[PDB]
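Here is what each chain is made of, one letter per residue.
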Amino acid sequence: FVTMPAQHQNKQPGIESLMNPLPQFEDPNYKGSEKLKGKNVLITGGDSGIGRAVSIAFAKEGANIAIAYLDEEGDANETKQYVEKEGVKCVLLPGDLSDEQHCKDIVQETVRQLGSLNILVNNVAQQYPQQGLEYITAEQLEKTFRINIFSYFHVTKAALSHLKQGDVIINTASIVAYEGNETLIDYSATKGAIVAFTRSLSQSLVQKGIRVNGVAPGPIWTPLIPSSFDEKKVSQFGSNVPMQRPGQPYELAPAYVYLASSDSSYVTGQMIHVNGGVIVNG
Amino acid sequence: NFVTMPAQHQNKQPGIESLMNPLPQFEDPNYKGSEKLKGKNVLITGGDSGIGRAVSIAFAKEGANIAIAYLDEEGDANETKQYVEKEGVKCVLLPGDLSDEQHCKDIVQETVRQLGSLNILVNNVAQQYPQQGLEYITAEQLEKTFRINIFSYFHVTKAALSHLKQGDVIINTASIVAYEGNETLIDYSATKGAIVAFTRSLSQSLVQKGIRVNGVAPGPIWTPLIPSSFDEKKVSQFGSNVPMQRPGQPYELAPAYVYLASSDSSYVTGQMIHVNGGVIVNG
Amino acid sequence: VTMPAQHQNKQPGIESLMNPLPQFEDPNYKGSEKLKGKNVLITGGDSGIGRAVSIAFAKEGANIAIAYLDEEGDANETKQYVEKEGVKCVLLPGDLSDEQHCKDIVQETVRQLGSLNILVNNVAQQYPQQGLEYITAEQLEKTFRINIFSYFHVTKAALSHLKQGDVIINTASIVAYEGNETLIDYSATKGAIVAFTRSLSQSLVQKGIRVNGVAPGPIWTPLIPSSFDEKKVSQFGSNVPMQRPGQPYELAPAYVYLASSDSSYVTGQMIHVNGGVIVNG
Amino acid sequence: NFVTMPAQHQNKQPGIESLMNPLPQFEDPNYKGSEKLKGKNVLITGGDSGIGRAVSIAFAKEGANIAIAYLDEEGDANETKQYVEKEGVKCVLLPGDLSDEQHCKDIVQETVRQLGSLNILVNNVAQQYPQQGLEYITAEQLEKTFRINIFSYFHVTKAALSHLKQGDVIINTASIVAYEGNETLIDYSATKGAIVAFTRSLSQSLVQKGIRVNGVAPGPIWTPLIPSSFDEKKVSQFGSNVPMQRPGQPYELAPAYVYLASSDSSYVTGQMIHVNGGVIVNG
Ligand SMILES: CC(=O)Cc1cc[n+]([C@@H]2O[C@H](COP(=O)([O-])OP(=O)(O)OC[C@H]3O[C@@H](n4cnc5c(N)ncnc54)[C@H](O)[C@@H]3O)[C@@H](O)[C@H]2O)cc1C(N)=O
Ligand SMILES: CC(=O)Cc1cc[n+]([C@@H]2O[C@H](COP(=O)([O-])OP(=O)(O)OC[C@H]3O[C@@H](n4cnc5c(N)ncnc54)[C@H](O)[C@@H]3O)[C@@H](O)[C@H]2O)cc1C(N)=O
Ligand SMILES: CC(=O)Cc1cc[n+]([C@@H]2O[C@H](COP(=O)([O-])OP(=O)(O)OC[C@H]3O[C@@H](n4cnc5c(N)ncnc54)[C@H](O)[C@@H]3O)[C@@H](O)[C@H]2O)cc1C(N)=O
Ligand SMILES: CC(=O)Cc1cc[n+]([C@@H]2O[C@H](COP(=O)([O-])OP(=O)(O)OC[C@H]3O[C@@H](n4cnc5c(N)ncnc54)[C@H](O)[C@@H]3O)[C@@H](O)[C@H]2O)cc1C(N)=O
Ligand SMILES: C[As](C)(=O)[O-]
Ligand SMILES: C[As](C)(=O)[O-]
Ligand SMILES: C[As](C)(=O)[O-]
Ligand SMILES: C[As](C)(=O)[O-]
Ligand SMILES: C[As](C)(=O)[O-]
Ligand SMILES: [Cl-]
Ligand SMILES: [Mg+2]
Ligand SMILES: [Mg+2]
Ligand SMILES: [Mg+2]
Ligand SMILES: [Mg+2]
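- For this entry, the PDB record names X-ray crystallography as the structure determination method and reports a resolution of 2.06 Å.

- The PDB entry lists chain B under the name Short chain dehydrogenase, from Bacillus anthracis str. 'Ames Ancestor'.
- UniProt lists a comment for chain B under the heading Sequence similarities (unreviewed entry), and it reads "Belongs to the short-chain dehydrogenases/reductases (SDR) family."

- In the nomenclature of the PDB entry, chain C is known as Short chain dehydrogenase of Bacillus anthracis str. 'Ames Ancestor'.
- Recorded in UniProt for chain C, the comment headed Sequence similarities (unreviewed entry) runs: "Belongs to the short-chain dehydrogenases/reductases (SDR) family."

### Describing the overall build of chain B
- If you tally the helices and strands in chain B, you get nine helices and seven strands.
- Taking 19 Å as the expected radius of gyration for a compact globule of 283 residues, we find that chain B reaches 17 Å, a close match to that expectation.
- Considering only C-alpha atoms, chain B reaches an extent of 45 × 40 × 35 Å along its principal axes.
- Relative to all contacts within chain B whose residues are 6 or more apart in sequence, the contacts with residues 24 or more apart total 77%.
- A total of about 9100 Å² of accessible surface is found on chain B, and carbon and sulfur atoms cover 45% of it.
- Across chain B, the mean location of the 23 positive side-chain charges is 7 Å away from that of the 29 negative side-chain charges.

### Describing the coordination of the magnesium ion (ligand 14)
Residue and element names in this part refer to chain D.
- Summarising the metal site, the magnesium ion (ligand 14) is bound by the protein donors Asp48 (OD), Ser49 (OG) and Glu73 (OE), whose distances to it range over 2.0 to 2.5 Å.
- Motif for the magnesium ion (ligand 14), donor spacing along one chain: D-S-x23-E. We note that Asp48, like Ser49, is buried.

### Examining the UniProt feature "binding site: Mg(2+)" (unreviewed entry) in chain C
Residue and element names in this part refer to chain C.
- Here, UniProt's "binding site: Mg(2+)" (unreviewed entry) annotation points to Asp46, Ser47 and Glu71. A stretch of 26 residues holds the annotated residues, and the largest C-alpha distance among them is 8.6 Å, short enough that they meet in one place.
- Note on placement: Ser47 falls in the loop between β1 (39-43) and α1 (48-59).
- Judged by relative accessible area, which is 11%, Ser47 ranks as buried.
- Residue contacts for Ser47: discarding those within four places in its chain leaves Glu15, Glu71, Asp74, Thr78 and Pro222.
- Its location among the elements puts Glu71 in the loop between β2 (63-68) and α2 (72-84).
- Those residues in contact with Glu71 that sit more than four places away from it in its chain are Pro12, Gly13, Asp46 and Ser47.

### Some points on the sheet that holds strand β4 (residues 120-123) of chain D
Residue and element names in this part refer to chain D.
- With respect to topology, seven strands assemble into an open sheet ordered β3-β2-β1-β4-β5-β6-β7, the strand pairing being parallel. Looking at the sheet topology across the chains shown, the edges are occupied by β3 (91-95) and β7 (272-275). Within the sheet, the average angular offset between the axes of one strand and its neighbour, ignoring direction, is 15 degrees.
- The sheet contact formed by strand β6 (residues 212-218) and β7 spans four bridges and is parallel. Across the sheet, residue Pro218 finds its bridge partner in β7, namely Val275.
- Where helix α1 (residues 50-61) meets the sheet, its contacts fall on β1 (41-45), β2 (65-70), β4, β5 (169-173) and β6, and the angle it forms with β1 comes to roughly 170 degrees.
- Taken strand by strand, helix α4 (residues 139-160) contacts β1, β4 and β5, and its axis lies near 175 degrees from that of β4.

### Focus: the coordination of the magnesium ion (ligand 12)
All names here are of chain B.
- Donor atoms from the polypeptide that coordinate the magnesium ion (ligand 12) comprise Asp48 (OD), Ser49 (OG) and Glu73 (OE), at 2.1 to 2.2 Å from the metal.
- Look at where the donors of the magnesium ion (ligand 12) fall in the sequence and you get D-S-x23-E. Residue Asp48 is located in the loop between β1 (41-45) and α1 (50-61), and its partner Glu73 is located in the loop between β2 (65-70) and α2 (74-86); the two are separated by 25 residues in the primary sequence. Just as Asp48 is buried, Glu73 falls in that class too.

### Thoughts on the interface of chain C and chain B
- Between chain C and chain B, the residue contacts involve 37 residues of the former and 37 residues of the latter.
- Both sides together, the interface formed by chain C and chain B hides about 3200 Å², and carbon and sulfur atoms give 68% of it.
- Summed over the three residues of chain C that lose the most area to chain B, namely C:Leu132, C:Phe152 and C:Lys156, the buried surface amounts to 18% of that side.
- The partner of B:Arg147 in a salt bridge is C:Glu141, with the nearest N and O atoms 2.5 Å apart.
- At the boundary of chain C and chain B, one finds 11 residue pairs in polar contact.
- If you list the elements that add at least two residues to the side of chain C that touches chain B, you get α4 (137-158), α5 (175-178) and α6 (184-204) of chain C.
- Tallying contributions element by element places α6(C) first for the side of chain C that touches chain B, with 13 residues.

### Section: the site of ligand 8
- Every residue lining ligand 8 is accounted for by B:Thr138, C:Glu99, C:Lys103 and C:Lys156.
- Around ligand 8, the nearby residues trace back to chains B and C.
- Within the side chain of C:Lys103, a nitrogen or oxygen atom sits 2.7 Å from an oxygen atom of ligand 8.
- One of the side-chain N or O atoms of C:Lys156 is found 2.6 Å from an oxygen atom in ligand 8.

### Observations regarding the packing of α1(C) against helix α9 (residues 252-259) of chain C
Residues and elements named next belong to chain C.
- Look at α1 against α9: their axes get within 9 Å of each other, and the N-to-C directions meet at 55 degrees. Taken together, the axis directions place α1 and α9 in an arrangement best described as oblique. As α1 packs across α9, the resulting crossing turns out to be right-handed. When α1 is examined against α9, the residues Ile49, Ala52, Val53, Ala56 and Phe57 are found in contact with a partner set consisting of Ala252, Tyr255, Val256 and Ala259.
- Its residues assigned to classes, the contact of α1 with α9 shows nine nonpolar, no polar and no charged.

### Structural notes on α9(C)
- Burial runs high along α9(C): eight of the eight residues are buried.
- Taken residue by residue, α9(C) has C:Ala252, C:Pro253, C:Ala254, C:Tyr255, C:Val256, C:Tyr257, C:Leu258 and C:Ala259 as its buried positions.

### Considerations on the pairing of strand β5 (residues 168-172) of chain A
All names here are of chain A.
- With five of five residues buried, β5 is to be regarded as a mostly interior element.
- Sheet topology places strand β4 (residues 119-122) next to β5; four bridges connect them, and they run parallel. By the bridge assignment, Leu120 is partnered in β5 with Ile169.
- Each parallel crossover has a hand, and for β4 linked through helix α4 (residues 138-159) to β5 it is right-handed.

### Section: the pattern of salt bridges
Residues and elements named next belong to chain D.
- By the definition in use, this model includes 44 salt bridges over all chains.
- Across the salt bridge formed by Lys61 and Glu27, the nearest N and O atoms sit 3.0 Å from each other. Here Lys61, found in helix α1, pairs with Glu27, found in the segment before β1; they are 34 residues apart in sequence, far enough to count as distant.
- Residue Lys61 is classed as buried on the basis of its relative accessible area, which comes to 15%.

### A short note on the packing of aromatic side chains
- Enumeration over the complete set of coordinates arrives at 25 aromatic pairs over all chains.
- Pairing B:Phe151 with C:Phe144 gives two aromatic rings, centres 5.0 Å apart and planes at 75 degrees, and the pair type is edge-to-face. One end of the pair, B:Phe151, is in helix α4 (residues 139-160); the other, C:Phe144, is in helix α4, on a second chain. As far as the burial class goes, B:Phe151 and C:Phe144 line up, both buried.
- Taking 6.1 Å as the distance between ring centres and 50 degrees as the angle between the ring planes, the aromatic pair formed by B:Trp222 and B:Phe238 counts as tilted. A residue pair is termed long-range when its members are at least 10 positions apart, and B:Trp222 in the loop between β6 (212-218) and α7 (225-229) and B:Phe238 in the loop between α8 (232-236) and α9 (254-261) qualify at 16 residues.
- With a relative accessible area of 0%, B:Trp222 lands in the buried category.
- In textbook terms, an aromatic cluster arises when at least three aromatic residues are bridged by ring pairs, as seen for A:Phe145, A:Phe150, A:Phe153, A:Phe197, D:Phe146, D:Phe151, D:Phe154 and D:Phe198.
- Sitting over the ring of A:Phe25, A:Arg52 keeps its end group 4.9 Å from the ring centre.
- Over the aromatic face of D:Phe26 sits the side chain of D:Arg53, whose NZ or CZ is 5.2 Å from the ring centroid.

Thresholds applied
Residues numbered from 1 in each chain as written, not as in the entry; some residues may be left out. Chains lettered and ligands numbered in written order. Heavy atoms only, no water. UniProt positions renumbered as here; feature names shortened; annotations may be inferred. Helix = DSSP H or I, 4+ residues; strand = E, 2+ residues; numbered from the N terminus. Rg over C-alpha atoms; globule rule 2.2 N^0.38 Å. Contact = heavy atoms within 4.5 Å. Areas by Shrake-Rupley, 256 points an atom, 1.4 Å probe, with all protein chains shown as cover. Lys, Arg positive; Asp, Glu negative; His and termini not counted. Charge placed at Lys NZ, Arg CZ, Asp CG, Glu CD. Donors = N, O, S within 2.8 Å, 3.2 Å for Na, K, Ca; no water. Buried < 20%, exposed > 50% of the residue type's maximum accessible area, 1.4 Å probe, protein only. Pairing = 2+ DSSP bridges. Axes fitted to C-alpha atoms, helices over the stretch in contact; angles between N-to-C directions. Buried area = accessible area lost by both parts, 1.4 Å probe. Salt bridge = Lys/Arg side-chain N within 4 Å of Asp/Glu carboxyl O. Polar contact = N/O pair within 3.5 Å; in protein donor to acceptor, adjacent residues only side chain to side chain. Near = heavy atom within 4 Å. Parallel < 35°, antiparallel > 145°, perpendicular 65-115°, else oblique. Left-handed = near helix turned anticlockwise from the far one by under 90°. Nonpolar A, V, L, I, M, F, W, Y, C, P; charged D, E, K, R; others polar. Right-handed = clockwise from strand over helix to strand, strands pointing away. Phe/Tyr/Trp six-rings, centres within 6.5 Å; stacked < 30°, edge-to-face > 60°. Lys NZ or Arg CZ within 6 Å of the ring centre and 35° of its normal.

Below is the structure:
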């Protein structure tokens, strides 16, 4: 079943401005209510897709946003203009998070520019579909882990110096961690690592008053998709879930708002499943 | 195990909130509504106290009209009504026994008569009778527990279906005990496991009609259910075993329900939101 | 099309009427005295999964008391396979939706076998509906009474007789984990069983009694043509990654594992035997 | 918490089993084999001690020839070879470092060369380095922990694929910590979560080739990994926290692996067997 136009992109991270149709990253009807007023946020991969929607929604809730991303300057710039439109501060932090030192630098830079750090959203990811395990090279395996899970370790480790009672960490996992994906074996393994990391870290930081939770999206129309899958696969993206459609990035943002604010003060170690109705024994 | 609350007990269940010390915090003063549920017509079973009270009030702050079903706690229901009506929305009180199938049908009929329609159903009524082991659960207790905890959810929802359309929503209150078990509430836990599966199954049934079905699994929350079911000693240490080392307050549950009841969760169905102080449940 | 299109106008179904006959026994299954001299009570042990379990348990040396509703022909056949193994077999017909009969099958099991070591709660009925609005109160209560209340009553009666080293196994279902839109009440009963297994495990762990469950996926049994329509029956089990329904004999080793001392460090768990459906297990 | 074992600790990791008091029990003398692995050749990583030794021996009793890959615990490996061959099967020892990709490939090649074929792969190697928090986990430790705990499972399995056919089987040792989390083993836990997802995805990838892929999730088992990774008092209380109030013995894990390795589990793929002393994990 065809859900989107057939399309593919040469390189990854994907570029949102090349997508047809453009992901819906903002809900026009969304009304902010100061849920994150004055909070300082760092978001990895906040330039496009889900991260773009989360940055914009956080801004509408009064948060100042530092956005880390690889090199998609056009996308990062567009996200920044939407964020600043809400009258909050926005800081752009380009660079390769597969490098430990850079993971430390983005936290240091966030604190320098915003004054402090309250909420960290680990959201960066890359994915390289392959027809079977025999087609996953050592080079691809390690690249996939270094960006998808090691960056979450290093960035969070560096943020711990700055987080205090009342602060929050949110990790973007994926439905593939729960359900498996035969063409994304290494990627699913990194998302499964993120789930266990979220559980373990929540127990580690609970007595420090820092909450740790995750969001597990299903198929969401974002740049990650046409940049990883073939056209035919892209054209059918989202037809498999019970709502029979891919999710739009704005549909993920309120889950992050919920987890980031005092609204979830009694929530830690959990996962919010936003996936069109796929039952995962959640 | 350690003290979290004052030793207290109520000799009748459903419990009366006005008799609690400290009174549960059912409202967050800092909560700012933003029309998330503007003009929506809601039916909440057990919306007179505890979590249901906090949900009724938060929904009112979001602009929803609220029909509250409850057994017989008029004092608690009238108090809840005062807070709902403070928000300028309509509140309808529906007392009566939801262990009676006909009464489950009547509350839906009455909600539609008074509010004009029904958009969001929150199944939330429950009773619990702790026992030291299975051998202390009579057939009478087993049946009573299931009739109110899960059969009412079936009967009320069933009646609600002819009134729900595309964009409507159902939320079911389950419990952490469905996921983690509780050796002293074996029948009760079984009812909560039934709700979890009911939620999963009904979500798949209604997805093509555009009706979402989700749940909330609370951990230990300070509500009338606690002193009315547990003994004084266990009450005094309630919530001490969870990683945050305190029971939750009812106002801490309301936002999960708001999320699930509004367009904010448009891509969410068949799911459970665990609000339990940090207990990992492989969620 | 996985199976021949068929339907039975009565439930519980009769295995002897099915085409093909489910494979309830594995020719190569070799016993190794895993349950030698153990006294077992299995509810719904006359056919389908229950019959496979009775036979495998007999091959492991256990004496089997089989409770079933009224399928004398199916119960008699199961009894012949059990007795072929040189162990004792007791047939206990009757309706387990009645509390007193649940107590009676336990008493009768202890009378005939001398004691009770392993209880397998496995009885079930299912009535598919196109929606919730087609489930009567009669169907709802009957489904719960047999599917979960019998599990409470039989198990409760068994507690006087179980000691350190004894075991309880509850048959749940994949539907408790994944949901089933056509079986909403049945699914709720199976979710009840999962929580019941979890809670009871923690209640009995200090008494040395283990409690675990099995969650089968689509299994070719008399429950299938007796409940589902003929074109659903013909497509049965095509929805799982193994693209076939399971045979009852494929369920039996999971029960052997959970019943014997091979699972001495396992309580409160579920073994998922479902053709590869991932359930976040 | 309370004392379950003697206070003890070992200088290096991987640990040495012959140093432990009491010696783990790796065999159940009452366990009788019944040819459940008739004519099969197995490769077990980490099969020299702890759970891996218990599995090696049980597999031998079921009729399997066993190739055991391990790091450098020659004493433990040789003792294990002795137990295996005593059951009337062949045993091949494959020492070396599985954090190296090429070595992962070589152990598979050597197994086929010496045994003739490969039918069952059991990925079971691990290392763990407890730390009081995330700030105490260096990049060096993070990468080392991943390279051996999960990348080795990728490389060994990948190399094994050209040798596996319909009816063959993969089993991956995960851990309760992927489900419950562990605050002193944040990196280890993450490798275990990766194993759970690897198992799920790989089961779906190989199901049409007729190869099943499942996992075992142990709870606290008395093995050389414990005294070599934890401090003395921690070791002394090992297992006190699960409902059975004791750690498991390695022989208590073997039958789960036998179940998954044999045609007894022909209708099982993509699953986990939780052998943990009663910890509820929403399984
Ligand atoms: C993919 C899948 O299974 C389904 C679903 C689950 C989880 N994910 C998660 O959402 C998150 C990303 O969201 P997205 O889908 O909105 O795509 P996106 O491409 O808009 O955002 C991912 C970002 O990661 C950043 N990034 C990648 N490599 C980097 C590097 N080396 N250094 C610094 N930054 C780097 C990029 O800047 C990029 O914008 C990821 O954690 C991803 O796994 C998305 C989907 C989906 N879009 O369908
Ligand atoms: C018990 C447990 O696992 C802990 C936790 C999880 C879930 N629960 C769930 O929260 C919901 C109940 O809320 P609560 O804790 O706010 O207590 P509550 O007593 O304030 O609300 C329950 C309501 O059930 C209604 N009710 C009971 N019997 C009735 C009947 N025969 N007819 C009509 N109405 C009847 C009463 O009107 C009562 O107000 C239930 O679904 C309960 O299982 C609460 C807690 C907790 N308070 O700690
Ligand atoms: C059905 C489903 O969702 C998938 C799957 C999961 C679990 N189940 C479970 O397997 C178990 C055994 O069923 P089966 O499939 O082997 O079918 P079966 O009909 O052979 O066994 C069920 C038995 O329940 C007994 N029974 C029914 N009502 C009774 C009563 N009132 N009093 C005493 N006994 C009564 C009957 O004696 C009958 O033999 C049940 O717990 C069932 O829920 C089976 C399947 C399947 N057959 O595909
Ligand atoms: C720690 C924990 O979560 C609890 C529990 C769950 C899972 N684990 C799992 O069980 C397996 C470990 O077995 P064990 O507890 O029997 O410990 P063990 O030390 O007896 O076996 C682990 C083996 O890993 C091998 N190994 C380590 N590094 C290697 C390398 N670089 N190259 C080649 N081989 C290497 C060693 O040869 C060693 O014998 C692991 O997969 C581990 O994650 C054990 C326990 C436990 N023993 O309590
Ligand atoms: C053939 As290769 C580079 O995946 O080992
Ligand atoms: C610490 As609080 C205000 O969430 O009870
Ligand atoms: C009649 As109406 C707007 O509640 O669906
Ligand atoms: C002894 As009785 C009434 O719980 O069956
Ligand atoms: C403080 As460090 C060198 O372990 O990242
Ligand atoms: Cl097999
Ligand atoms: Mg981008
Ligand atoms: Mg009340
Ligand atoms: Mg029958
Ligand atoms: Mg060793």
